[PDB]
Amino acid sequence: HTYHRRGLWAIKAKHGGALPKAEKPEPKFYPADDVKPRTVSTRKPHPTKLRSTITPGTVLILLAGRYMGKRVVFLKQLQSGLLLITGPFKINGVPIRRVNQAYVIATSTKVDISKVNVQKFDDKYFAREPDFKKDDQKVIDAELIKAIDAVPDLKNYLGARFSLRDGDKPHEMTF
Amino acid sequence: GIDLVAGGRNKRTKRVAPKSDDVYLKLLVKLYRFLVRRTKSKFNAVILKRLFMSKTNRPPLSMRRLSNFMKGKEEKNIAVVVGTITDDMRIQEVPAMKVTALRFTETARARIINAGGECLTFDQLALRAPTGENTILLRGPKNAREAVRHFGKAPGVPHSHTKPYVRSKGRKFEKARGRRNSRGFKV
Amino acid sequence: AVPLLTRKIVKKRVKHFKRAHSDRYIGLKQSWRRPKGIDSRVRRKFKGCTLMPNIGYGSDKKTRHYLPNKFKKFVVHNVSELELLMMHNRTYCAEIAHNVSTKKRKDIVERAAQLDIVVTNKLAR
Amino acid sequence: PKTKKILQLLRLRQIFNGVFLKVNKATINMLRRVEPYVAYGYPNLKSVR
Amino acid sequence: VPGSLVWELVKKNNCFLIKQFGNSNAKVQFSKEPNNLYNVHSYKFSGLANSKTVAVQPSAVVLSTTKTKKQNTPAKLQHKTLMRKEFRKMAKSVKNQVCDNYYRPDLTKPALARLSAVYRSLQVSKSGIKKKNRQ
Amino acid sequence: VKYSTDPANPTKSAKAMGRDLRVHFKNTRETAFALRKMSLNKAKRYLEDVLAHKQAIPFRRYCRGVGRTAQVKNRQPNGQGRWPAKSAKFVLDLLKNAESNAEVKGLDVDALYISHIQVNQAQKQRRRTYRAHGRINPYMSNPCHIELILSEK
RNA sequence: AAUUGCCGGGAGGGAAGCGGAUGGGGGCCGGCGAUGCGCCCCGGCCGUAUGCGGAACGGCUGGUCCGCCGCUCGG
RNA sequence: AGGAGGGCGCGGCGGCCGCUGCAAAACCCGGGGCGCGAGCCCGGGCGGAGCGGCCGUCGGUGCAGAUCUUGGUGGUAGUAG
Ligand SMILES: [K+]
Ligand SMILES: [K+]
Ligand SMILES: [K+]
Ligand SMILES: [Mg+2]
Ligand SMILES: [Mg+2]
Ligand SMILES: [Mg+2]
Ligand SMILES: [Mg+2]
Ligand SMILES: [Mg+2]
Ligand SMILES: [Mg+2]
Ligand SMILES: [Mg+2]
Ligand SMILES: [Mg+2]
Ligand SMILES: [Mg+2]
Ligand SMILES: [Mg+2]
Ligand SMILES: [Mg+2]
Ligand SMILES: [Mg+2]
Ligand SMILES: [Mg+2]
Ligand SMILES: [Mg+2]
Ligand SMILES: [Mg+2]
Ligand SMILES: [Mg+2]
Ligand SMILES: [Mg+2]
Ligand SMILES: [Mg+2]
Ligand SMILES: [Mg+2]
């Protein structure tokens with residue numbers, strides 16, 4: 001509940017802000033109606049907040065899509081705000097993908113991914129426009145299968161889909 | 001539900017425009033709507049209101065009243081009436097007066113001009129006196145009408161001098177049994 | 001052209017006020033008539049009865065009289081009446097009158113194509 | 001009619017309308033006549049603010 | 001007879017005014033006269049109630065403005081110019097005879113808008129519409 | 001003349017018509033309903049049987065106060081049926097007209113069936129009857145128009 | 001129009017019709033819904049100044065257009 | 001109950017602006033819309049000769065009732081008989 005504009009300072013931004021007078025900047029057709037021109041908007045929409053239970057290397061259950069119920073490891077949160085996930089593709093067959101923060105559930109099981117390089121993966125990599133994608137996927141699992149093998153039973157856990165069964169109350173389950 | 005009368009709306013009525021369709025009067029109203037918006041003058045506000053008034057609410061004014069209301073104050077003072085100036089034969093001396101009115105009779109216009117005065121329209125008074133400075137606002141007799149004589153208390157109640165509505169005048173038209181003691185009573 | 005209207009058109013009632021009991025009698029027409037009987041359920045506004053029009057149903061002033069294609073309609077009878085929409089072609093559309101013949105409809109439709117005026121019934125007749 | 005008039009002088013023309021009344025003998029006896037129509041008490045700073 | 005007086009006489013009914021859909025909120029009004037840039041029944045745009053007026057009609061585009069001292073003489077009331085140059089050169093002349101002259105500067109935007117529509121209308125007249133403008 | 005139904009096979013069909021025929025409309029409507037898709041030869045034998053009191057006509061509407069016979073028990077389980085002779089003879093005459101119209105066209109009489117039959121109300125004719133206390137009442141007939149189309153298929 | 005026949009469709013446990021709200025089925029509609037807009041190789045027009053002709057605005061200066069030239073080069 | 005304002009519709013007259021044998025009026029339609037509404041606009045059909053809108057003004061100017069008038073038509077009913 002912090003008041004950013006609590007004080008009339010405005011100078012911690014532009015300390016050397018004592019500057020001079022501003023300098024203000026044929027149609028070939030006239031539209032017959034006074035339409036205010038559309039310029040690009042100068043508003044910064046304050047990027048989305050990551051859920052505090054999702055941290056790099058934590059496990060996610062997918063809630064919708066063609067991979068509903070897939071137990072998947074979380075890697076990174078992209079600039080657009082979509083989480084970066086991998087299956088990995090060897091165990092459950094889920095490739096590298098970006099998923100919305102909704103449609104996933106953050107479990108309390110974690111994996112260390114510190115020595116894993118996820119840098120070239122970003123929003124531009126998923127631009128709607130494959131052999132090298134197979135290589136990138138191939139070189140990101142072998143860096144992660146071993147850490148999955150480090151924890152007992154984590155491999156068979158990641159290779160199974162989550163499902164609700166008789167008598168299961170999602171609002172009581174710990175995960 | 002909120003306890004209010006007629007929902008709190010105003011039930012009194014008033015004129016916000018002239019009922020007539022005279023284009024020259026409509027042009028006067030537009031001019032004086034502008035003046036009361038952007039000069040904030042009490043004088044101009046009265047002129048705009050009277051420009052909406054009906055014929056019986058703008059009684060005619062005679063020369064006798066004008067030459068006596070404007071007695072010594074006829075220099076650097078324009079007489080203003082929203083109505084008609086009529087002539088008066090009962091007076092012989094007519095001083096030089098500046099008079100603005102909606103209408104002049106041709107005898108009143110001749111009487112003013114021959115005396116050295118001027119007859120002005122309200123579009124000319126706006127140029128001379130935009131805020132109505134050095135003016136005399138005048139009204140004719142509102143209640144000097146034969147119709148008003150029949151108004152008030154009924155003719156057959158005590159202390160009433162209201163005119164009855166009689167088809168003729170004479171000894172056989174409403175003078176007995178209610179008008180003297182020899183026939184019944186006298187109200 | 002491209003409609004200038006951008007506010008969404010909302011209707012408080014896309015439904016007609018059919019005259020009460022016009023279903024019961026063949027000779028009663030559906031055009032609304034305000035009931036005026038002393039015992040009338042519809043006049044007294046009992047629940048479950050026929051609805052009565054009132055000023056609260058009126059539509060937004062900014063979008064009223066706009067057709068579904070976001071234009072306002074103007075009926076023309078010849079080419080000269082169609083020329084009057086050339087400066088308003090973003091807010092007004094042209095409808096050719098019902099009794100205009102096929103020969104004159106061709107002329108109006110041609111001139112409106114030159115002027116970029118939209119004709120709502122240009123494929124008729 | 002007497003209740004209607006008093007609630008007009010207190011400006012309580014609608015249900016769940018609220019006003020501040022300063023205390024004196026004149027106002028208190030006005031309030032006693034419209035007691036069944038009203039709930040009142042002594043406000044604190046948090047209420048006033 | 002000034003323009004304010006003429007406006008009140010011709011405002012109600014007129015040989016050029018077209019009214020439709022009655023006198024409800026449905027009413028739609030237009031003007032048919034030349035030297036009425038937007039064909040709208042209003043004092044600002046009226047070709048009958050104004051001493052100074054501009055007309056932007058095709059023939060080549062004819063621009064016409066009226067002479068103030070020739071009101072009593074209709075045969076010499078209109079000073080007409082016919083232009084067959086490029087759009088910008090025509091747009092410059094319209095701005096010169098209407099705006100820079102102080103001859104109705106309030107009409108310079110309606111006049112340039114109408115010149116655009118008239119020139120565009122002539123453009124498709126010589127070569128038929130090959131694209132529709134719905135975007 | 002336009003009938004209410006087109007043959008849909010005009011070359012392979014024949015029609016017959018009758019206007020203002022002096023026979024009760026209500027009786028003829030039931031007779032026409034009883035042979036709606038009937039073959040021409042079965043329709044003729046059925047109508048002759050009706051004339052001979054061997055087959056009844058089922059009365060389904062316009063049936064209030066009609067007796068029960070058991071000759072109509074098939075295709076009308078309650079016995080409501082009758083033998084309208086005038087309405088049967090009038091239809092038989094139309095069937096013979098359409099049959100000869102088909103023979104002129106060369107269509108074979110066999111494999112001919114009624115694809116359309118219709119009874120419509122003609123303008124009523126006026127007569128008079130006398131009642132008690134010097135009163136006069138209407139006494140009306142209800143003639144009908146009959147339309148008939150035979151089709152091969 | 002009332003009212004009736006036929007054809008096709010739909011519904012029905014001692015009325016039906018009616019208001020509101022959805023759904024199922026049908027019948028309609030394409031201004032029912034877009035395909036253009038800024039940057040670049042091909043097609044194709046002229047400033048500045050001039051002679052001349054008409055006709056403007058303000059209250060004597062300055063203005064636009066057209067057709068013709070003779071320098072000019074950006075559209 | 002009652003009053004008033006603003007509008008919708010019908011028929012003339014004085015004016016203005018139009019339409020129509022490349023199809024007017026009237027009528028029909030599970031056609032499409034506009035208006036809170038009175039109503040209006042368009043589409044398809046039929047029909048085959050006239051019609052509309054705006055301003056002003058005028059009137060034999062708006063129907064569900066009146067055991068309302070005249071005409072036509074039902075159920076009763078293929079019944080009473
Ligand atoms: K029986
Ligand atoms: K049926
Ligand atoms: K009239
Ligand atoms: Mg309220
Ligand atoms: Mg009230
Ligand atoms: Mg006494
Ligand atoms: Mg509606
Ligand atoms: Mg039509
Ligand atoms: Mg019996
Ligand atoms: Mg008898
Ligand atoms: Mg007898
Ligand atoms: Mg019918
Ligand atoms: Mg129907
Ligand atoms: Mg008419
Ligand atoms: Mg008459
Ligand atoms: Mg009458
Ligand atoms: Mg009637
Ligand atoms: Mg009534
Ligand atoms: Mg009766
Ligand atoms: Mg009768
Ligand atoms: Mg009867
Ligand atoms: Mg019997």
# chains A, B, ... in the order shown; residues from 1 in each chain; ligands from 1
>>> residues_near_ligand(ligand="ligand 22", cutoff="8 Å", atoms="only C-alpha atoms (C1' of nucleotides) and all ligand atoms", output="PyMOL selection string")
chain H and resi 79-81
>>> residues_near_ligand(ligand="ligand 3", cutoff="12 Å", atoms="only C-alpha atoms (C1' of nucleotides) and all ligand atoms", output="count of residues only")
15
>>> residues_near_ligand(ligand="ligand 8", cutoff="8 Å", atoms="only C-alpha atoms (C1' of nucleotides) and all ligand atoms", output="number ranges by chain")
C: 97-99, 125; H: 42-43
>>> write_last_selection(atoms="N, CA, C and O atoms (P, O5', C5', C4', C3', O3' and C1' of nucleotides)", output="PDB file, in the first residue's frame")
ATOM      1  N   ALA C  97     -36.278   4.554 -52.969  1.00  0.00           N
ATOM      2  CA  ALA C  97     -37.695   4.461 -52.657  1.00  0.00           C
ATOM      3  C   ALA C  97     -38.316   3.225 -53.299  1.00  0.00           C
ATOM      4  O   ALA C  97     -37.805   2.669 -54.273  1.00  0.00           O
ATOM      5  N   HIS C  98     -39.445   2.800 -52.735  1.00  0.00           N
ATOM      6  CA  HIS C  98     -40.034   1.524 -53.115  1.00  0.00           C
ATOM      7  C   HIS C  98     -40.616   1.553 -54.522  1.00  0.00           C
ATOM      8  O   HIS C  98     -40.654   0.516 -55.191  1.00  0.00           O
ATOM      9  N   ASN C  99     -41.066   2.716 -54.989  1.00  0.00           N
ATOM     10  CA  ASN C  99     -41.731   2.826 -56.278  1.00  0.00           C
ATOM     11  C   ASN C  99     -40.822   3.318 -57.397  1.00  0.00           C
ATOM     12  O   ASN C  99     -41.302   3.510 -58.515  1.00  0.00           O
ATOM     13  N   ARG C 125     -34.955  -5.403 -57.490  1.00  0.00           N
ATOM     14  CA  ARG C 125     -35.617  -5.086 -58.754  1.00  0.00           C
ATOM     15  C   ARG C 125     -34.679  -5.246 -59.942  1.00  0.00           C
ATOM     16  O   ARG C 125     -33.762  -6.064 -59.908  1.00  0.00           O
TER      17      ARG C 125
ATOM     18  P     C H  42     -40.131   3.063 -49.027  1.00  0.00           P
ATOM     19  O5'   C H  42     -39.292   1.725 -49.217  1.00  0.00           O
ATOM     20  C5'   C H  42     -37.913   1.774 -49.537  1.00  0.00           C
ATOM     21  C4'   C H  42     -37.193   0.510 -49.142  1.00  0.00           C
ATOM     22  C3'   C H  42     -37.551  -0.759 -49.890  1.00  0.00           C
ATOM     23  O3'   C H  42     -36.984  -0.829 -51.185  1.00  0.00           O
ATOM     24  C1'   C H  42     -37.401  -1.228 -47.590  1.00  0.00           C
ATOM     25  P     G H  43     -37.681  -1.702 -52.337  1.00  0.00           P
ATOM     26  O5'   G H  43     -37.535  -3.205 -51.841  1.00  0.00           O
ATOM     27  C5'   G H  43     -36.269  -3.841 -51.772  1.00  0.00           C
ATOM     28  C4'   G H  43     -36.403  -5.305 -51.440  1.00  0.00           C
ATOM     29  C3'   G H  43     -37.327  -6.112 -52.338  1.00  0.00           C
ATOM     30  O3'   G H  43     -36.691  -6.527 -53.535  1.00  0.00           O
ATOM     31  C1'   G H  43     -37.804  -6.592 -50.072  1.00  0.00           C
TER      32        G H  43
END
>>> residues_around(residues="region 33-49 of chain D", least_positions_apart="5", cutoff="10 Å", atoms="only C-alpha atoms (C1' of nucleotides)", output="count of residues only")
15
>>> residues_near_ligand(ligand="ligand 1", cutoff="8 Å", atoms="only C-alpha atoms (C1' of nucleotides) and all ligand atoms", output="MDAnalysis selection string")
chainID F and resid 64:68
>>> write_last_selection(atoms="C-alpha atoms", output="mmCIF file, in the first residue's frame")
data_model
loop_
_atom_site.group_PDB
_atom_site.id
_atom_site.type_symbol
_atom_site.label_atom_id
_atom_site.label_comp_id
_atom_site.auth_asym_id
_atom_site.auth_seq_id
_atom_site.Cartn_x
_atom_site.Cartn_y
_atom_site.Cartn_z
ATOM 1 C CA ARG F 64 -72.009 -36.456 -35.090
ATOM 2 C CA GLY F 65 -75.123 -38.618 -35.005
ATOM 3 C CA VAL F 66 -73.934 -41.213 -37.526
ATOM 4 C CA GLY F 67 -74.787 -44.844 -36.869
ATOM 5 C CA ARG F 68 -72.519 -47.848 -36.460
#
>>> select_by_dssp(residues="chain C", states="alpha helix (DSSP H)", output="ChimeraX atom specification")
/C:41-44,79-83,102-115
>>> closest_atom_pairs(of="chain F", to="chain H", cutoff="12 Å", atoms="only C-alpha atoms (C1' of nucleotides)", output="JSON lines")
{"residue": "F:24", "atom": "CA", "partner": "H:78", "partner_atom": "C1'", "distance": 8.6}
{"residue": "F:25", "atom": "CA", "partner": "H:78", "partner_atom": "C1'", "distance": 9.5}
{"residue": "F:26", "atom": "CA", "partner": "H:78", "partner_atom": "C1'", "distance": 7.0}
{"residue": "F:27", "atom": "CA", "partner": "H:78", "partner_atom": "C1'", "distance": 7.7}
{"residue": "F:28", "atom": "CA", "partner": "H:78", "partner_atom": "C1'", "distance": 11.3}
{"residue": "F:29", "atom": "CA", "partner": "H:78", "partner_atom": "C1'", "distance": 11.9}
{"residue": "F:30", "atom": "CA", "partner": "H:78", "partner_atom": "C1'", "distance": 11.6}
{"residue": "F:59", "atom": "CA", "partner": "H:78", "partner_atom": "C1'", "distance": 10.8}
{"residue": "F:61", "atom": "CA", "partner": "H:78", "partner_atom": "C1'", "distance": 10.7}
{"residue": "F:62", "atom": "CA", "partner": "H:78", "partner_atom": "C1'", "distance": 7.0}
{"residue": "F:63", "atom": "CA", "partner": "H:78", "partner_atom": "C1'", "distance": 7.8}
{"residue": "F:64", "atom": "CA", "partner": "H:79", "partner_atom": "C1'", "distance": 7.5}
{"residue": "F:65", "atom": "CA", "partner": "H:79", "partner_atom": "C1'", "distance": 6.8}
{"residue": "F:66", "atom": "CA", "partner": "H:78", "partner_atom": "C1'", "distance": 8.5}
{"residue": "F:67", "atom": "CA", "partner": "H:78", "partner_atom": "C1'", "distance": 11.9}
{"residue": "F:82", "atom": "CA", "partner": "H:78", "partner_atom": "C1'", "distance": 11.5}
{"residue": "F:84", "atom": "CA", "partner": "H:78", "partner_atom": "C1'", "distance": 11.2}
{"residue": "F:141", "atom": "CA", "partner": "H:78", "partner_atom": "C1'", "distance": 11.2}
{"residue": "F:142", "atom": "CA", "partner": "H:78", "partner_atom": "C1'", "distance": 10.6}
>>> write_last_selection(atoms="N, CA and C atoms", output="PDB file, in the first residue's frame")
ATOM      1  N   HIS F  24     -74.591 -33.102 -51.311  1.00  0.00           N
ATOM      2  CA  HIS F  24     -74.179 -32.585 -50.008  1.00  0.00           C
ATOM      3  C   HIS F  24     -72.663 -32.583 -49.875  1.00  0.00           C
ATOM      4  N   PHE F  25     -72.116 -31.422 -49.508  1.00  0.00           N
ATOM      5  CA  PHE F  25     -70.671 -31.254 -49.397  1.00  0.00           C
ATOM      6  C   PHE F  25     -70.085 -32.146 -48.311  1.00  0.00           C
ATOM      7  N   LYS F  26     -70.744 -32.218 -47.152  1.00  0.00           N
ATOM      8  CA  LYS F  26     -70.215 -32.992 -46.033  1.00  0.00           C
ATOM      9  C   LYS F  26     -70.137 -34.477 -46.365  1.00  0.00           C
ATOM     10  N   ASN F  27     -71.134 -35.005 -47.075  1.00  0.00           N
ATOM     11  CA  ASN F  27     -71.094 -36.409 -47.474  1.00  0.00           C
ATOM     12  C   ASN F  27     -69.982 -36.672 -48.482  1.00  0.00           C
ATOM     13  N   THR F  28     -69.789 -35.757 -49.432  1.00  0.00           N
ATOM     14  CA  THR F  28     -68.806 -35.958 -50.489  1.00  0.00           C
ATOM     15  C   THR F  28     -67.382 -35.789 -49.982  1.00  0.00           C
ATOM     16  N   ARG F  29     -67.179 -34.948 -48.971  1.00  0.00           N
ATOM     17  CA  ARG F  29     -65.850 -34.789 -48.393  1.00  0.00           C
ATOM     18  C   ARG F  29     -65.357 -36.089 -47.764  1.00  0.00           C
ATOM     19  N   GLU F  30     -66.238 -36.817 -47.066  1.00  0.00           N
ATOM     20  CA  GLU F  30     -65.850 -38.105 -46.493  1.00  0.00           C
ATOM     21  C   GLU F  30     -65.595 -39.140 -47.574  1.00  0.00           C
ATOM     22  N   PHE F  59     -66.950 -42.123 -41.677  1.00  0.00           N
ATOM     23  CA  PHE F  59     -67.243 -40.730 -41.358  1.00  0.00           C
ATOM     24  C   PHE F  59     -66.435 -40.366 -40.117  1.00  0.00           C
ATOM     25  N   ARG F  61     -64.725 -36.786 -39.448  1.00  0.00           N
ATOM     26  CA  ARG F  61     -65.324 -35.514 -39.078  1.00  0.00           C
ATOM     27  C   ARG F  61     -66.674 -35.428 -39.773  1.00  0.00           C
ATOM     28  N   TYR F  62     -67.471 -34.423 -39.420  1.00  0.00           N
ATOM     29  CA  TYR F  62     -68.873 -34.379 -39.849  1.00  0.00           C
ATOM     30  C   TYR F  62     -69.554 -35.716 -39.574  1.00  0.00           C
ATOM     31  N   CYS F  63     -69.377 -36.213 -38.356  1.00  0.00           N
ATOM     32  CA  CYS F  63     -69.804 -37.555 -37.998  1.00  0.00           C
ATOM     33  C   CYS F  63     -70.785 -37.599 -36.838  1.00  0.00           C
ATOM     34  N   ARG F  64     -71.155 -36.461 -36.269  1.00  0.00           N
ATOM     35  CA  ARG F  64     -72.009 -36.456 -35.090  1.00  0.00           C
ATOM     36  C   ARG F  64     -73.401 -36.973 -35.442  1.00  0.00           C
ATOM     37  N   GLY F  65     -73.835 -38.016 -34.739  1.00  0.00           N
ATOM     38  CA  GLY F  65     -75.123 -38.618 -35.005  1.00  0.00           C
ATOM     39  C   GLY F  65     -75.147 -39.586 -36.162  1.00  0.00           C
ATOM     40  N   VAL F  66     -74.025 -40.215 -36.469  1.00  0.00           N
ATOM     41  CA  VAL F  66     -73.934 -41.213 -37.526  1.00  0.00           C
ATOM     42  C   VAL F  66     -73.909 -42.585 -36.873  1.00  0.00           C
ATOM     43  N   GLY F  67     -74.653 -43.525 -37.444  1.00  0.00           N
ATOM     44  CA  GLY F  67     -74.787 -44.844 -36.869  1.00  0.00           C
ATOM     45  C   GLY F  67     -73.517 -45.668 -36.965  1.00  0.00           C
ATOM     46  N   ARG F  82     -71.255 -44.871 -43.250  1.00  0.00           N
ATOM     47  CA  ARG F  82     -72.510 -44.741 -43.981  1.00  0.00           C
ATOM     48  C   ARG F  82     -72.264 -45.041 -45.453  1.00  0.00           C
ATOM     49  N   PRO F  84     -73.155 -43.060 -48.608  1.00  0.00           N
ATOM     50  CA  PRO F  84     -73.707 -41.935 -49.378  1.00  0.00           C
ATOM     51  C   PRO F  84     -73.731 -42.219 -50.872  1.00  0.00           C
ATOM     52  N   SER F 141     -79.459 -25.875 -49.494  1.00  0.00           N
ATOM     53  CA  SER F 141     -78.565 -26.924 -49.953  1.00  0.00           C
ATOM     54  C   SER F 141     -77.120 -26.452 -49.856  1.00  0.00           C
ATOM     55  N   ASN F 142     -76.200 -27.412 -49.877  1.00  0.00           N
ATOM     56  CA  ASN F 142     -74.764 -27.143 -49.806  1.00  0.00           C
ATOM     57  C   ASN F 142     -74.062 -27.887 -50.931  1.00  0.00           C
TER      58      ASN F 142
END
>>> residues_around(residues="region 38-54 of chain E", least_positions_apart="5", cutoff="9 Å", atoms="only C-alpha atoms (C1' of nucleotides)", output="ChimeraX atom specification")
/A:32 /C:84-88 /E:2-11,17-18,29-33,63-68,71,98,103-104,106-107,110-111,114
>>> closest_atom_pairs(of="chain C", to="chain H", cutoff="8 Å", atoms="only C-alpha atoms (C1' of nucleotides)", output="JSON lines")
{"residue": "C:28", "atom": "CA", "partner": "H:64", "partner_atom": "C1'", "distance": 7.3}
{"residue": "C:32", "atom": "CA", "partner": "H:37", "partner_atom": "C1'", "distance": 7.2}
{"residue": "C:53", "atom": "CA", "partner": "H:36", "partner_atom": "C1'", "distance": 5.2}
{"residue": "C:54", "atom": "CA", "partner": "H:36", "partner_atom": "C1'", "distance": 5.0}
{"residue": "C:55", "atom": "CA", "partner": "H:36", "partner_atom": "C1'", "distance": 5.1}
{"residue": "C:56", "atom": "CA", "partner": "H:36", "partner_atom": "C1'", "distance": 6.8}
{"residue": "C:57", "atom": "CA", "partner": "H:36", "partner_atom": "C1'", "distance": 4.8}
{"residue": "C:58", "atom": "CA", "partner": "H:36", "partner_atom": "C1'", "distance": 4.9}
{"residue": "C:65", "atom": "CA", "partner": "H:34", "partner_atom": "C1'", "distance": 5.7}
{"residue": "C:66", "atom": "CA", "partner": "H:34", "partner_atom": "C1'", "distance": 7.6}
{"residue": "C:67", "atom": "CA", "partner": "H:34", "partner_atom": "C1'", "distance": 7.1}
{"residue": "C:75", "atom": "CA", "partner": "H:41", "partner_atom": "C1'", "distance": 7.9}
{"residue": "C:77", "atom": "CA", "partner": "H:18", "partner_atom": "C1'", "distance": 7.3}
{"residue": "C:95", "atom": "CA", "partner": "H:42", "partner_atom": "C1'", "distance": 7.3}
{"residue": "C:97", "atom": "CA", "partner": "H:42", "partner_atom": "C1'", "distance": 7.6}
{"residue": "C:98", "atom": "CA", "partner": "H:42", "partner_atom": "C1'", "distance": 6.7}
{"residue": "C:99", "atom": "CA", "partner": "H:19", "partner_atom": "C1'", "distance": 6.7}
{"residue": "C:100", "atom": "CA", "partner": "H:19", "partner_atom": "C1'", "distance": 6.4}
{"residue": "C:101", "atom": "CA", "partner": "H:22", "partner_atom": "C1'", "distance": 6.4}
{"residue": "C:102", "atom": "CA", "partner": "H:22", "partner_atom": "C1'", "distance": 5.4}
{"residue": "C:103", "atom": "CA", "partner": "H:22", "partner_atom": "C1'", "distance": 5.1}
{"residue": "C:121", "atom": "CA", "partner": "H:42", "partner_atom": "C1'", "distance": 7.3}
{"residue": "C:124", "atom": "CA", "partner": "H:43", "partner_atom": "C1'", "distance": 7.2}
>>> select_by_dssp(residues="region 70-170 of chain A", states="strand (DSSP E or B)", output="list in words")
residues 70, 71, 72, 73, 74, 75, 76, 77, 83, 84, 85, 86, 97, 98, 99, 104, 105, 106, 107, 108, 109, 110 and 161 of chain A
>>> decode(residues="region 87-98 of chain E", atoms="N, CA, C and O atoms", output="short mmCIF file (atom, residue, chain, number, x, y, z; two decimals), in the first residue's frame")
data_model
loop_
_atom_site.label_atom_id
_atom_site.label_comp_id
_atom_site.auth_asym_id
_atom_site.auth_seq_id
_atom_site.Cartn_x
_atom_site.Cartn_y
_atom_site.Cartn_z
N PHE E 87 -4.22 17.60 -57.54
CA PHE E 87 -5.04 17.84 -56.36
C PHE E 87 -4.41 18.89 -55.44
O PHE E 87 -5.11 19.78 -54.94
N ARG E 88 -3.11 18.79 -55.19
CA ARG E 88 -2.47 19.72 -54.26
C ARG E 88 -2.54 21.15 -54.77
O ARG E 88 -2.78 22.09 -54.00
N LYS E 89 -2.32 21.35 -56.07
CA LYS E 89 -2.43 22.69 -56.65
C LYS E 89 -3.85 23.21 -56.55
O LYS E 89 -4.07 24.41 -56.32
N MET E 90 -4.84 22.34 -56.74
CA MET E 90 -6.23 22.73 -56.54
C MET E 90 -6.53 23.00 -55.07
O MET E 90 -7.24 23.94 -54.73
N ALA E 91 -5.97 22.17 -54.18
CA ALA E 91 -6.17 22.37 -52.75
C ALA E 91 -5.53 23.67 -52.28
O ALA E 91 -6.00 24.30 -51.33
N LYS E 92 -4.44 24.08 -52.93
CA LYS E 92 -3.79 25.33 -52.57
C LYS E 92 -4.62 26.53 -52.99
O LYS E 92 -4.70 27.53 -52.27
N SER E 93 -5.25 26.46 -54.17
CA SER E 93 -6.09 27.56 -54.63
C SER E 93 -7.33 27.71 -53.77
O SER E 93 -7.78 28.83 -53.49
N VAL E 94 -7.92 26.59 -53.34
CA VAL E 94 -9.10 26.65 -52.47
C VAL E 94 -8.74 27.31 -51.15
O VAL E 94 -9.48 28.16 -50.64
N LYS E 95 -7.59 26.95 -50.58
CA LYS E 95 -7.14 27.59 -49.36
C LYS E 95 -6.85 29.07 -49.58
O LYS E 95 -7.01 29.89 -48.67
N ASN E 96 -6.41 29.44 -50.79
CA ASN E 96 -6.07 30.84 -51.05
C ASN E 96 -7.32 31.69 -51.19
O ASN E 96 -7.40 32.79 -50.63
N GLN E 97 -8.32 31.21 -51.93
CA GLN E 97 -9.51 32.00 -52.19
C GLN E 97 -10.52 31.97 -51.05
O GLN E 97 -11.49 32.74 -51.08
N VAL E 98 -10.32 31.13 -50.04
CA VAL E 98 -11.28 30.93 -48.97
C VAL E 98 -10.68 31.26 -47.60
O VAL E 98 -11.30 31.94 -46.79
#
